[PDB]
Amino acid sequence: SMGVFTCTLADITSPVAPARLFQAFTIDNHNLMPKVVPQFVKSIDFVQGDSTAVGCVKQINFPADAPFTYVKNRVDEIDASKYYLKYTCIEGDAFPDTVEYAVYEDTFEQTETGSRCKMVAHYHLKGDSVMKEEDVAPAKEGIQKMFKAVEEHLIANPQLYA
């Protein structure tokens, strides 16, 4: 309608190897996140499929603390060799009134320090949808805290996903 707003929701350099972060955040997150970050993720259930694969749909349920309750993410592309996953949010109440359609790319890049993790969002905006930094700042701050906890978990458990 009005256009597309592409923004980097997270850009995080980490000493942890990219293959381990990729597994933690995009492949095995339905197991890891409710345990390691339960203050951000209540549960993650498969509503289509039973493993992270192209075509599966995961429902992420947020704690009662949260200002919303759930999203459903449909996985559309995986390139594990490049630590890349693209998914589309097809349903949920985490949507601002401004966003008609949301597409996400999780990418992990090998560096010298370790990894660089980028999470990019593509927001298709409704008819004249004003979008402000304040609309994405809580996502940015929440993702950084979640990454912090997951990073520490992988440091404390060096063989997990290794």
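All residue numbers refer to positions in the sequence shown, first residue = 1.
Chemist: Going by the mean C-alpha B-factor recorded in the entry, which is higher: 25-33 or 110-118?
Modeler: Going by the record's values, the stretch with the higher mean is 110-118.
Chemist: If you average the CA temperature factors over each stretch, which comes out higher, 63-71 or 48-56?
Modeler: Stretch with the higher mean C-alpha B-factor: 63-71.
Chemist: Taking the values straight from the PDB record, which of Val150, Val16, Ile12, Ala139 has the highest C-alpha temperature factor?
Modeler: The listed residue with the largest C-alpha B-factor is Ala139.
Chemist: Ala156's Cα B-factor: lowest, middle or highest third of the chain?
Modeler: CA B-factor rank for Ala156: middle third.
Chemist: How does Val4 rank on Cα B-factor within its chain, lowest, middle or highest third?
Modeler: Its C-alpha B-factor, which the entry lists for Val4, ranks in the lowest third among residues of this chain.
Chemist: What third of the chain does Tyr101 rank in for C-alpha temperature factor, lowest, middle or highest?
Modeler: Middle third of the chain for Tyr101's C-alpha B-factor.
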